[PDB]
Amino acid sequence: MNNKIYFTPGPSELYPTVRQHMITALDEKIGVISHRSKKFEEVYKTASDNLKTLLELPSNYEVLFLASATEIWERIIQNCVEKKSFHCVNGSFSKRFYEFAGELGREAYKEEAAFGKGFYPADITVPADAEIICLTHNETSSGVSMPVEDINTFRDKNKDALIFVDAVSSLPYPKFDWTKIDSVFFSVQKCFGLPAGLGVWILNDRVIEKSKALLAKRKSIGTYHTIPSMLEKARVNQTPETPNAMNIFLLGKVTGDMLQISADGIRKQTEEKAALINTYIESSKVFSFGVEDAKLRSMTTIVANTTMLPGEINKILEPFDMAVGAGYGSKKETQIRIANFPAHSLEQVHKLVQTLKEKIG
């Protein structure tokens, strides 16, 4: 029995109801039913509808299921970019997405900020010939966010561009204005508290139409995971290929649970936990903020500079059945990353902070 609580930024601690929901999945033989069955269609619709409700999506948006967020990066470029994209790059994830454009033979503009820093939109312009704008709400590697108010400044910079937001390590925390962007995506092993194995692509009419326009130009936009392919199946509560039904099932159940709290309720809970952690960092003799600009510090993946090795910190936390993440990549010995996801309770965070205060200081 693994009793350790993981404050790691994805995969992470499973949403607390997942165990019982998985037992239900096994009992109901969710893993056995046909992906073409009425029962599967019901499972699909529950997850799709619950996301639309939780995220308050308008009628011009659709929800599509894929294998991973990384897959979604690829599909965005294949379906929606003929020649050029524009990317805000400030860390490892936003950088990799930018790199995909070139690997796929496209030309990408890059607006870059140093690792540990964010963006100041007043200073940013977007070339007119950029077809899409790729923003990262939460750069998980560095702990920097692009708040919704900043995201909202991009629409007028290039009115015709399709705006995509990576909220992989933050949704459902940000509350988007769906009229100012065109698409958001995530995968389920971060704030949704599921095992990895499912990506979710939320996209609007403008995105769909762009894919259809490229296909009409006799450009290949893919195969099974073209937007039209996925859309045709989504309209009958299905997927083109046999999907990860277990996760679609679990997602509908967890989102149901989330709806009982409400998205705003979860947001408040997220903020209360972040405040506990940040208050401790304000006076810690070991930890300091990994991101200088307080407005741009992530509420969901809190990155702290540390004078102590993360390995040493985790060794101290082990007897207390807790673990935090180490810094990303080359920061693995100089920062920690504390996941603050819905799966993490106030009491768990309280225990973490108290333990850190007492044993690390």
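Just count from 1 along the sequence shown to find any residue number.
For the pair 162-170 and 212-220, the mean Cα B-factor is higher in 212-220.
Residue 308 sits in the highest third of its chain by CA B factor, as recorded in the PDB entry. Ranked by Cα temperature factor within the chain, residue 331 sits in the highest third according to the deposited record. In the PDB entry, a CA B factor belonging to the lowest third of its chain's modelled residues is recorded for residue 91. Split the chain's modelled residues into thirds by C-alpha temperature factor. Residue 245 is in the lowest one.
Ranked by Cα temperature factor within the chain, residue 235 sits in the highest third according to the deposited record.
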